[PDB]
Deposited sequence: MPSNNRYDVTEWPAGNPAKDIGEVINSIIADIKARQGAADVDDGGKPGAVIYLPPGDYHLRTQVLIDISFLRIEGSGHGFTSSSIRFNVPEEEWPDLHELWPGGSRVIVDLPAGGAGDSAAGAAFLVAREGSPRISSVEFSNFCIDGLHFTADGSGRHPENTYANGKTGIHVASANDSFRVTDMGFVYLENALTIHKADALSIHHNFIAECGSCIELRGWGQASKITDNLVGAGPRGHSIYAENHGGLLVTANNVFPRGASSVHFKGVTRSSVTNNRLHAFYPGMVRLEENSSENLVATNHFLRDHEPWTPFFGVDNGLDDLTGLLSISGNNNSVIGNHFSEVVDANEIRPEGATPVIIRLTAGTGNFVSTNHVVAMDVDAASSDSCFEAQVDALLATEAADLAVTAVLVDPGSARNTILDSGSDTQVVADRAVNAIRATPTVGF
């Protein structure tokens, strides 16, 4: 209509229960037909808002977003643990108060070019960059995980070829806020982001949660609750500059909590990070001039039977924080390492907390390491020979810092005696 406000349950001839994808695409075509002129009375393409009331909507056609200033909004993030439910014996399901996620719920009924499996694809090349698209307070549900030859129960594989939101083109000032994502192989994949905000979402039981790909700048990932799968990323970024990752509560069971490849001049600060495996925070492939500060790291063991034996393939020598790059700053972090001598790998090894594998000029200061066998000896800081000219202060006793003293500046944490 003329005021650019649409409701998927009030779309003529549309059935969002059967195919909300088709309904939303039809609405987008309606907006474009009405907003053809870019420069009439200092305006002309203001965009629109599409509302999803709470409900169960099947999406059978991918939505293509190629207009700036489109807002898609609902009235509920709608999360429930499909992982827990699919591991309750089927005979006990009738007594459960509910089974499925809810809220403003988009069920992704697409086949498994991973962009083709995305419920929402945002794509538009040329100039200017597509700008200020907003996704807010709805639920995207991939419904089931499926057999992938890995031997585990189908619903525990984290594999289905489905993506919640995939942004393929260079973008500016995008927002993803208050969402729920559940049971998607990839929740949110955003290429070439500038000044993006991913804020206050619930992104859990997805193979990978947040991936920022290609390159980007001046973006932020804040105040999210995030839990991924053992082959996937919780928070991943590549070739980003000026990224701020803060105030997230990241829980298991991603391969990692935060994974950077070629990320520079960024900050991973004040997050609560919980993993069941090593390699929680990975700065790789010349990830340089980053601040990693005041994070709470907990690494312990998977308590839940269905995922006992499942891990990310990495041993305890990896480090909880691993750095390959120059001139980083690792300051004021807390590391709690809770492992059984029996489950340490390789057998007889001493776990590593912070590992510098390559690069120069890294400043590691004022980090507290707490290790328990449920104390347990750990290496607080391991500087490999291929990393040098680092500065390591008050981040472990002399024994806990493994490093060439001739080419690294080391001040051991004073000991009790």
Deposited-sequence stretches lacking C-alpha coordinates, listed in sequence order: 1, 114-117, 380-401, 445
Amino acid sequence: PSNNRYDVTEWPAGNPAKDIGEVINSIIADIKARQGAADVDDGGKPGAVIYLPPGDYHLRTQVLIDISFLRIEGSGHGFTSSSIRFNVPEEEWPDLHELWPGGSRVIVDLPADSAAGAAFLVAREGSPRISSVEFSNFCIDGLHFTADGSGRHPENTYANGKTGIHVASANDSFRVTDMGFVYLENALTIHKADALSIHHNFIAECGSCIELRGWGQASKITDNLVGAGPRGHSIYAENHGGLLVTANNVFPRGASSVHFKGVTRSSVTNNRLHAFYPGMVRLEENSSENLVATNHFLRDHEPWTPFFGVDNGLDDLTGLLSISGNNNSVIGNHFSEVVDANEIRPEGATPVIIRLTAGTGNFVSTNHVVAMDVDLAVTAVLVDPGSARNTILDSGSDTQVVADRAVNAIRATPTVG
From here on, numbers count along this sequence of modelled residues.
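Definition used throughout: the rigid core is the maximal C-alpha set that superposes within 1.5 Å between two forms.
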Which segment is farther from the shown form on average in 6 other deposited structures of this protein after a rigid core fit, 337-345 or 286-294, going by CA atoms? 337-345
In 6 other deposited structures of this protein, superposed by the rigid core, which stretch departs further from the shown form in CA positions, 5-13 or 398-406? 5-13
Is residue 113 unbuilt in at least a third of the other PDB entries compared? yes
237-245 set against 343-351, stretch whose average Cα temperature factor tops the other in the entry: 343-351
Segment of higher mean CA temperature factor, 148-156 or 171-179: 148-156
Going by the CA temperature factor in the entry, name the top one among 90, 223, 205, 134. 90
Report the option among 185, 289, 311, 73 whose CA atom has the maximum B-factor in the deposited record. 311
Among the modelled residues of its chain, the C-alpha B-factor of residue 211 falls in the third labelled middle
Rank-wise, by C-alpha B-factor, drop residue 23 into the lowest, middle or highest third of its chain. middle
Split the chain's modelled residues into thirds by Cα B-factor; is residue 97 in the lowest, middle or highest one? highest
Report the third (lowest, middle or highest) to which the CA temperature factor of residue 368 belongs, ranking only the modelled residues of the same chain. lowest
Going by what the PDB entry lists, where does residue 141 fall on CA B-factor within its chain: lowest, middle or highest third? lowest
